[PDB]
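# these are from a larger complex, still in place; more later:
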Amino acid sequence: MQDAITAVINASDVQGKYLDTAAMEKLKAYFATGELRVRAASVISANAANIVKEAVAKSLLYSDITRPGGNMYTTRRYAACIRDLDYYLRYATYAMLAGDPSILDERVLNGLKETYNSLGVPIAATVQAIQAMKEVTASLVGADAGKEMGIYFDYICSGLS
């Protein structure tokens, strides 16, 4: 398992060395910014439904995707699409709290591109929907917290593409 503090600990364990000053400083930075990250994460969870609604409205709705034959034409596909965005956001916020991009790669980005390719989901459309979520999440979270959230959101998009 990987977290920001845990990854510093894991690197130190591989060395076998006692805690270095550089390791202490990096861990201190994680301790320092945890407050802003925590408050924003709570806000994200509270307004999670509104965020995915805003994202599909801004990117994935009123287009050919939701018009016939667009991989969202049916209610089953639409429900799976909003569910997929919801999972993307949930594991992304998990990782944003953790501070480490490794967690999302472990769960969200493990075979995700292959699965989407097999099912015929548009990779680009998913990426643009993720970016639209990034804008909405930045608006709700605020600039300081949203910038941190944006980095891990963008890591998810990079894994997809």
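Received the coordinates, thanks. Numbering: from 1, shown residues only, chains lettered A, B, ... in the order given.

# tell me the backbone dihedrals of the closest residue to residue A:4 other than its chain neighbours, please.
Of all residues not flanking residue A:4 in the chain, residue A:99 sits nearest, at 3.6 Å (CB to CB, 6 or more residues apart in numbering). No exception for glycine: its C-beta is placed from N, CA and C like everyone else's. For residue A:99, the backbone dihedrals are phi 90, psi -10 (criterion: degrees, to the nearest 10).

# which ones are touching residue A:99?
A:3, A:4, A:5, A:30, A:33, A:34, A:37 (CB atoms under 8 Å, 6 or more residues apart in numbering).

# and for residue A:70?
The contact partners of residue A:70, by CB under 8 Å, 6+ apart, come to A:63, A:64.

# same thing but 10 Å
A:60, A:63, A:64, A:77, A:122, A:125 (CB atoms under 10 Å, 6 or more residues apart in numbering).

# now do residue A:67
Contacts of residue A:67 by CB under 10 Å, 6+ apart are residue A:73.

# which of the three states applies to it?
Using DSSP: H, G, I helix; E, B strand; the rest coil, the structure places residue A:67 in coil.

# also put chain B on there:
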Amino acid sequence: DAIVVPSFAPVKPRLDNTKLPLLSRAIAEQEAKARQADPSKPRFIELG
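Take a look at chain B, now in place beside the chains above:
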């Protein structure tokens, strides 16, 4: 003994039309306007 005018040979034109400027504009317009929204119709969001 040769025939100066043996027969008049048909020629295949080199320049293919529907690439010519006027038809090309019109072909673009008909295609693009068809893909766009249609005036005077009740249902337009249903169409793919």
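
# and the contacts of residue A:70, now that chain B is part of it?
Listed by CB atoms under 10 Å, 6 or more residues apart in numbering or on different chains, the contact set of residue A:70 reads A:60, A:63, A:64, A:77, A:122, A:125, B:48.

# neighbour count added to those residues, as a markdown table?
Below are these laid out as a markdown table (neighbours: other CB atoms under 10 Å in any protein chain shown):
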| residue | neighbour count |
| --- | --- |
| A:60 | 23 |
| A:63 | 11 |
| A:64 | 13 |
| A:77 | 15 |
| A:122 | 15 |
| A:125 | 19 |
| B:48 | 8 |
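
# which among those gets closest to residue A:145?
Relative to residue A:145, the closest of the contacts of residue A:70 is residue A:60; by CB to CB it sits at 24.6 Å.

# tell me which element residue 8 falls in.
Reading this off chain A. Per DSSP states H and E, residue A:8 falls inside helix A:4-15.

# I'd like to know how far the one residue in chain B that gets nearest to chain A sits from residue B:26.
In chain B, the residue that lies nearest chain A is residue B:48 (4.5 Å; CB to the nearest CB). Between residue B:48 and residue B:26 the computed distance is 24 Å (CB to CB, to the nearest Å).

# ditto for residue A:68
Distance of residue A:68 to residue B:26, computed by CB to CB: 29 Å.
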